[PDB]
Amino acid sequence: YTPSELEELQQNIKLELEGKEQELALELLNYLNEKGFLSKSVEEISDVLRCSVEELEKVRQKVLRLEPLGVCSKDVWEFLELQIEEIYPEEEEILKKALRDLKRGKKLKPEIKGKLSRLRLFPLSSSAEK
């Protein structure tokens, strides 16, 4: 079985929205590497694609909020931070401390475990510990 995270995000975008906005988003997520994150900054990518930085940002954000989140937009670990601010903006601090504890290594809470369980810092990757 192959990963359908990226493809799922593309379709979702064209679904909720379409036109020029979707175009910009695709471009940003189009100039990325097989690592799960854009190989070039948004500024440069926007200059090469012939698009205003500010504009590309707004569209990139609206599309980044989609599922999966814009891991390439912010980053691999940043995907969680933005995911909360967008999904659960009320528990931004809650998940913020959790994602930081799990990323740096630590214990997790019972409620957070389930909240983060629905997500994963390895959307386009795979890894686990024993």
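Judging from the entry metadata, solution NMR is the method by which this structure was determined.

A. A look at the packing of aromatic side chains. Tallied over the entire structure, the rule returns zero aromatic pairs. When the ring centre of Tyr 88 is taken as origin, the NZ or CZ atom of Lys 115, which lies over that ring, is 4.5 Å away.

B. Seen up close, the packing of helix α5 (residues 78–86) against helix α6 (residues 92–104). Axis separation between α5 and α6 bottoms out at 9 Å; the angle between their running directions is 165°. One finds that α5 runs roughly antiparallel with respect to α6. Like other packed secondary-structure pairs, α5 and α6 cross with a definite hand, here right-handed. Counting all contacts with α5, which are made through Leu 80, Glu 81, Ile 84 and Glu 85, the residues of α6 involved are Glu 92, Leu 95, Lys 96, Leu 99 and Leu 102. Of the residues belonging to the contact of α5 with α6, the class tally is five nonpolar, no polar and four charged.

C. Broad picture of the layout of surface pockets. By volume, the largest pocket is sized at about 680 Å³. Lining the largest pocket are 18 residues; nearest its centre among them are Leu 102, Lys 103, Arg 120, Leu 121 and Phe 122. Of all the secondary-structure elements, those providing two or more residues to the lining of the largest pocket are α5, α6 and α7 (110–117). Looking at the lining of the largest pocket residue by residue, the class counts come to eleven nonpolar, two polar and five charged.

D. View of unusual backbone geometry. Backbone torsion omega between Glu 67 and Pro 68 reads 0°, so that peptide bond is classified as cis. Examined against the element boundaries, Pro 68 turns out to sit in the loop between α4 (53–64) and α5. Its identity as a non-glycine residue notwithstanding, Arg 50 has a phi of 70°, on the positive side. Inspection of the secondary structure puts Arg 50 in the loop between α3 (42–48) and α4.

E. Inspection of the state of the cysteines at higher detail. All chains considered together, the criterion is met by zero disulfides. Sulfur of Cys 72: no disulfide; nearest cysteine sulfur belongs to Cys 51 and is 17 Å away.

F. Region of interest: the environment of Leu 116. Relative to the helices and strands, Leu 116 resides in helix α7. Considered as a pair, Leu 116 and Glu 93 are 23 residues apart in the sequence and their alpha carbons are 13 Å apart. Sequence-distant contacts of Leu 116, that is, excluding residues within four places in its chain, are made with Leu 80, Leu 95, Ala 98, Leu 99, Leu 102 and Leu 108.

Cut-off values and rules
- Residues numbered from 1 in each chain as written, not as in the entry; some residues may be left out.
- Heavy atoms only, no water.
- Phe/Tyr/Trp six-rings, centres within 6.5 Å; stacked < 30°, edge-to-face > 60°.
- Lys NZ or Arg CZ within 6 Å of the ring centre and 35° of its normal.
- Axes fitted to C-alpha atoms, helices over the stretch in contact; angles between N-to-C directions.
- Helix = DSSP H or I, 4+ residues; strand = E, 2+ residues; numbered from the N terminus.
- Parallel < 35°, antiparallel > 145°, perpendicular 65-115°, else oblique.
- Left-handed = near helix turned anticlockwise from the far one by under 90°.
- Contact = heavy atoms within 4.5 Å.
- Nonpolar A, V, L, I, M, F, W, Y, C, P; charged D, E, K, R; others polar.
- 1 Å grid on protein atoms, 1.4 Å probe; cavity = no way out; pocket = protein on both sides within 12 Å on 5 of 7 lines; lining within 4 Å.
- Points joined across faces, edges and corners; volume = space filled by probe spheres on them.
- Disulfide = S-S within 2.5 Å.

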